Amino acid sequence: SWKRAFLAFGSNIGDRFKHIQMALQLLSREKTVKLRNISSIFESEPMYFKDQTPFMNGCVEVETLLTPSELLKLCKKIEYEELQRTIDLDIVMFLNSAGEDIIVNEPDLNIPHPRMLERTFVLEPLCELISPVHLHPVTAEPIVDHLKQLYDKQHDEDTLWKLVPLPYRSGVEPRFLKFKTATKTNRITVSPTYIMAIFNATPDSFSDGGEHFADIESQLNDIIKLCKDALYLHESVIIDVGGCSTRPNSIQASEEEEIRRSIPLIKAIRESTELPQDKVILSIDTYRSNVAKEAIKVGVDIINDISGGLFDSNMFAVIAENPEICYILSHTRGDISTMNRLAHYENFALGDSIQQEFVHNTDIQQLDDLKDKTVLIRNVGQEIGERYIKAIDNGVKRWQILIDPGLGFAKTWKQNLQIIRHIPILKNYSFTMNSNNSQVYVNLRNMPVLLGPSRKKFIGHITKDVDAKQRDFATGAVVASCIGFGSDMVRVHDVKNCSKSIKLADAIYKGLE
Ligand SMILES: Nc1nc2ncc(COP(=O)(O)O)nc2c(=O)[nH]1
Ligand SMILES: Nc1nc2ncc(COP(=O)(O)O)nc2c(=O)[nH]1
């Protein structure tokens, strides 16, 4: 047979994420159960008892040979087994082998879960996994409509933070990237924008990481300065260490060379007593799985892969082995030497496979003409979606992923502008797709967006600045606009100055005053 089920999970005791992970491990170990998709991780206000620790919540989609009743027993076994060394595992919905929702109303078991339409912490992660046309079996209304209805009440009690796990550090509490969303109807990120500082460990151009190249002591001092500049106005900073050039047609450092450039420097930052370690997050810009693996060993938090797994087929396997590492899935085409030729987006690669496209949970066939105005962002969204599907198929968890539409990567200067304008569409883009004899639903809602506009050629074209070094002021303006269009993180060169821009844009657009 193989039936389908959606289960809600939650914990508000101790290491909540470890309780969740253990429950998912226990499910997966069953011969009768197959994990298909997991939602983002959300933090929510306790619904019933406000004096308690906030809950960590999500949803998991499984394929199972078990009957509803057999599955419920397993959920109870798991809850008990976890208590042995604190986790709730409920059946939310259960579909038969034909993909139809079943209803059970027995003394012991009620499917769908009787409380689900009351709880944003159920519906939000659930609707990351089910499409806008999925109806509630009892009400016959789309579940997304029931979600919208809850948000429409405008109770801050119903508000969710999304948490993206970061690695544990000794003596430190569990670490996350955090994103709070609010509604007004439109949904908007209202927590501070993350600043990612660029650090190039390449010899490429004297003006940018050029002179201190291969000198770890000098480089570290540069990084201490960056952190001080950023932390003046911000609570956190990400330092993105890059040992490989990603500029169109640039010669590629060897792996051994990239490792030598990046890894000792990450080790040195992480070991520094001159840095406030708790406010400093470490990223490595690499498309190489082995470099990522080495970086993880020396205490990196984020793998920033401009190819989204395209350059190394073992990258996803590395990320999958490290559930507390954060992975940036960036959009590109071809490779570094050919991408310039591939900036053409009229035709849709997976066009034939696409069954249905949705913007803000509405079929775009019914938002007529929007389709014609959003060719580029939907094309980029589908290609990000395809990378995402392959990541999930290779053990990467949705909860680990940030997305980046990849400004400048197989895109012209006019296209980069259009991508900035259309971030709100991207953030609310979803589609169903035929994939290996069965249907798959890709939902970009809640996937935090990183943009890297800094010093890019597209700015220079408009401001007539030939040299990249003189594009910092203009970058300030563009960064403000990126945030205004919904960017959750920005990658920048001029940290001291862009920090001011980010803070102002956050005040203006987010009310963070
Ligand atoms: N935010 C939040 N509040 C809560 N309050 C009670 C229960 C326990 O619910 P059950 O007894 O129906 O499983 N679970 C949650 C939860 O998961 N999240
Ligand atoms: N995630 C992400 N990573 C990147 N790495 C390098 C560059 C090229 O810029 P640089 O050569 O000035 O670092 N741009 C990006 C980007 O836009 N997004």
Side-chain angles (χ1 to χ4, degrees), residues 7-13 16 19-20 42-59 75-76 79 86-92 110 113-116 118-125 157-161 196-202 204-205 207-209 238 240-248 250 283-287 302-308 326-332 336 339 402-411 416 419-420 448-460 468-469 471-472 475 478 482 487 489-494:
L7 318 171
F9 56 78
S11 185
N12 85 323
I13 296 168
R16 296 163 298 161
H19 299 320
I20 287 163
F42 294 99
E43 185 167 65
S44 54
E45 197 181 281
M47 169 173 264
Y48 293 82
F49 309 112
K50 305 284 177 200
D51 67 338
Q52 291 191 16
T53 298
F55 279 83
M56 194 172 285
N57 285 115
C59 180
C75 287
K76 283 176 179 186
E79 282 175 352
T86 67
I87 189 75
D88 295 295
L89 231 199
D90 294 317
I91 305 168
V92 175
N110 296 276
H113 194 283
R115 307 274 68 86
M116 68 180 280
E118 305 162 0
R119 306 168 169 194
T120 62
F121 62 83
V122 174
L123 295 185
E124 186 67 50
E157 293 85 349
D158 294 327
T159 283
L160 303 177
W161 285 81
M196 180 188 272
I198 298 162
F199 195 86
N200 292 314
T202 61
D204 298 64
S205 195
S207 300
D208 202 40
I238 306 157
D240 193 42
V241 173
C244 209
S245 183
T246 46
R247 301 210 153 183
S250 67
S283 171
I284 183 174
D285 197 45
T286 194
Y287 55 75
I302 301 166
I303 313 292
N304 175 31
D305 176 8
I306 55 88
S307 78
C326 172
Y327 180 66
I328 302 167
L329 198 180
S330 196
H331 180 268
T332 193
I336 287 150
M339 56 178 62
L402 313 185
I403 64 165
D404 185 335
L407 301 180
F409 292 91
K411 292 162 193 88
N416 295 156
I419 273 145
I420 291 163
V449 172
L450 168 67
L451 281 176
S454 192
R455 296 184 176 164
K456 292 230 152 100
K457 257 88 253 288
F458 89 90
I459 293 173
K469 191 210 73 186
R471 288 170 202 167
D472 286 330
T475 300
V478 183
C482 288
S487 193
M489 188 184 300
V490 298
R491 190 174 180 275
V492 298
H493 290 95
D494 187 352

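For ligands, and for the atoms within them, numbers begin at 1 and follow the listed sequence. Hydrogens, waters and symmetry mates are skipped; everything else that's a heavy atom, side chains included, is used. Throughout, numbering of the chain's residues begins at 1 and tracks the sequence.
- A salt bridge links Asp208 with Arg455: at least one charged nitrogen is closer than 4.0 Å to a carboxylate oxygen.
- Contacts of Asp285 with ligand 2, taken as heavy-atom pairs under 4.0 Å, involve the side chain alone.
- At a 3.5 angstrom cut-off on N or O pairs, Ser454 does not count as close to ligand 2.
- In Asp240, neither the side chain nor the backbone holds a heavy atom less than 4.0 Å from any atom of ligand 2.
- Residue contacts with ligand 2: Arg491 is placed with a nitrogen or oxygen under 3.5 Å of a nitrogen or oxygen of the ligand (distance criterion only).
- Every residue meeting the side-chain contact (heavy atoms from CB on, under 4.5 Å) condition with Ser11, not counting sequence neighbours, appears here in chain and number order: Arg16, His19, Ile87.
- The closest side-chain heavy-atom distance from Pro54 to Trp161 is not below 4.5 Å.
- Residue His493 has at least one heavy-atom neighbour below 4.0 Å for each of these atoms of ligand 2: 12 (O).
- The shortest distance between side-chain heavy atoms of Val122 and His113 does not fall below 4.5 Å.
- By the 4.5 Å heavy-atom criterion applied to side chains, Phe458 and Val478 are counted as neighbours.
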Practice prompt. Apply the test salt bridge (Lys or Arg N to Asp or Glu O under 4.0 Å) to residues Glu118 and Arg115: give CA-CA distance (whole Å), side-chain angles for both, the deciding distance (0.1 Å), then the verdict.
Written response: CA-CA 6 Å; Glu118 305 162 0; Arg115 307 274 68 86; 3.0 Å; yes
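- In this structure, the side chain of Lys411 engages the main chain of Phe409 through a donor-acceptor pair within 3.5 Å.
- Proximity to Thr246 (heavy-atom distance under 4.0 Å) selects the following atoms of ligand 2: 6 (C), 7 (C), 8 (C).
- Considering only residues two or more places apart in sequence or on other chains, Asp285 meets the side chain to side chain donor-acceptor pair (under 3.5 Å) condition with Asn304.
- Listed by number with element, the atoms of ligand 2 under 4.0 Å from a non-hydrogen atom of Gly452 are 17 (O).
- Listed by number with element, the atoms of ligand 2 under 4.0 angstrom from any heavy atom of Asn304 are 1 (N), 2 (C), 3 (N).
- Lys456 counts as a contact of ligand 2, since one of its heavy atoms falls under 4.0 Å from the ligand.
- Using a 4.0 Å cutoff on heavy atoms, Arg455 does not count as a contact of ligand 2.
- Using a 4.5 Å heavy-atom threshold, the side chains of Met47 and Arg119 count as touching.
- Protein residues with any heavy atom under 4.0 Å from ligand 1: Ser44, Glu45, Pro46, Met47, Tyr48, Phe55, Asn57, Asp90, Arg119, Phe121.
- Legend: residues meeting ring-ring contact (aromatic ring centres under 6.0 Å, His included) with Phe9, ordered by chain and number and at least two apart, are absent.
- Less than 4.0 angstrom separates some heavy atom of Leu450 from each of these atoms of ligand 2: 1 (N).
- Judged by distance alone, with hydrogens and angles left aside, the side-chain atoms of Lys456 form a donor-acceptor pair with the main-chain N or O of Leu407 at under 3.5 Å.
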